[PDB]
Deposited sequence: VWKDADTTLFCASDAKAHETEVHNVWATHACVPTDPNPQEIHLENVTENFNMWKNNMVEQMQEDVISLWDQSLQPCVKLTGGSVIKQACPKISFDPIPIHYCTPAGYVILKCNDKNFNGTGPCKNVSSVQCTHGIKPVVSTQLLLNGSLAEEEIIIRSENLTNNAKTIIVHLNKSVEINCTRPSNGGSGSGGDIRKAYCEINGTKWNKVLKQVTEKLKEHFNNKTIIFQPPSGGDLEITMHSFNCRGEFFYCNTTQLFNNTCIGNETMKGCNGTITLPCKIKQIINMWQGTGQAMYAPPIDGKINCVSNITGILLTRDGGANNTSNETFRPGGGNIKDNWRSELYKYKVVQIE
């Protein structure tokens, strides 16, 4: 017998104590080693309600990632709350590692195993575990990178699809690689991303067909973001410690719904901090080839308002609330207290 509850979680990882990489350093001192032989108990004839949009596990992961970044990525100038902080900003080794979230004694994590689970409501196939799977704390906008994939069909997630103000998470069932490079020996901040146009357009077509099932077969159209901060209008992510900002106009191309798609990118030093603490200037990029190859496993979308009297629904890449990144992985878990 159990009940929904919140508690202080701890983390586990396979971090190396001899690594200088920042995620490894953080996890070495903030996490315990993983369980080599984890146990999972599949519950019989149980019905449990989940709500990925109201899950304290997400807030806790957010706090960890903020703590990790604050200790690891030092901007040269911090501009928070009228106070100016000038400090050293050394170049670091940066590459996210999987982090597991675990319950203390008296508590357990319930895991929804329904294959078409959208993140909210009842789940028929539930199991109990002591820890989540390994989740990489990848901070990005527009595109979700290096995450887990949906096992069967593409999944559409939203707290309220009818409310256009609520972010939509698209969960892909097949990854598409994105190849981003700041080339070696000149604009040191000029970069680009390469994506297989055949693979991407095929996946995007499948996404449109899924959205149709949720929007009464209305016509599905993609458009570039209307405006706002660069972190929202562009695909932003961190590669090897460097902040990349990529133009995704070519990705969301209704005409294509075949060759290599090349997105123009820029490395930015002056960014709006995702932690919500104003603006910051980070150090200029390292020398040589800067390269990151990632799997696109999800998409964050915002739906246009004012389309009720038309047969079209318009979707634009967006997000920015990094908590949604954690929701895309934590959706199937909830903490309960054993009475």
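- Unmodelled segments of the deposited chain, in sequence order: 186-191, 264-271.
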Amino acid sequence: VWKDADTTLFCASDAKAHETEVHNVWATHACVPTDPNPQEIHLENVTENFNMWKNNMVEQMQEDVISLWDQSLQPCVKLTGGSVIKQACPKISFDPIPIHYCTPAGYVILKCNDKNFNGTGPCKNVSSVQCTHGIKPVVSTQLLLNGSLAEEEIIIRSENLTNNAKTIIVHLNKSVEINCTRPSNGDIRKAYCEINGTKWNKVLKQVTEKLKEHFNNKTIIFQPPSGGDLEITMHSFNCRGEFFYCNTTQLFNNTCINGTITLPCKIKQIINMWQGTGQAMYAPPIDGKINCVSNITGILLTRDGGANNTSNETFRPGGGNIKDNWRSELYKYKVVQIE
From here on, numbers count along this sequence of modelled residues.
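Heads up, when I say rigid core I mean the largest set of C-alphas that superpose within 1.5 Å between the two forms.
- The stretch that moves more in 6 other deposited structures of this protein, judged by CA deviation after a rigid core superposition and choosing between 103-111 and 78-86, is 78-86.
- Of the two stretches examined, 50-58 and 275-283, the one with higher mean CA deviation in 6 other deposited structures of this protein after a rigid core fit is 275-283.
- Between 142-150 and 71-79, the higher mean Cα B-factor belongs to 71-79.
- Mean C-alpha B-factor is higher over 116-124 than over the other stretch, the pair under comparison being 116-124 and 100-108.
- If you compare the C-alpha temperature factors of 18, 327, 316, 23 in the entry, 18 comes out highest.
- Reading the B-factor column for the CA atoms of 95, 231, 159, 209 in the entry, the top value corresponds to 231.
- The entry lists a Cα temperature factor for residue 187 that places it in the highest third of the chain's modelled residues.
- Ranked by C-alpha B-factor against the other modelled residues of its chain, residue 131 falls in the middle third.
- When the CA B factors of the chain's modelled residues are split into thirds, the value for residue 137 lands in the lowest one.
- Residue 285 sits in the middle third of its chain by CA B factor, as recorded in the PDB entry.
- In the deposited entry, the Cα temperature factor of residue 335 sits in the bottom third of values across the chain's modelled residues.
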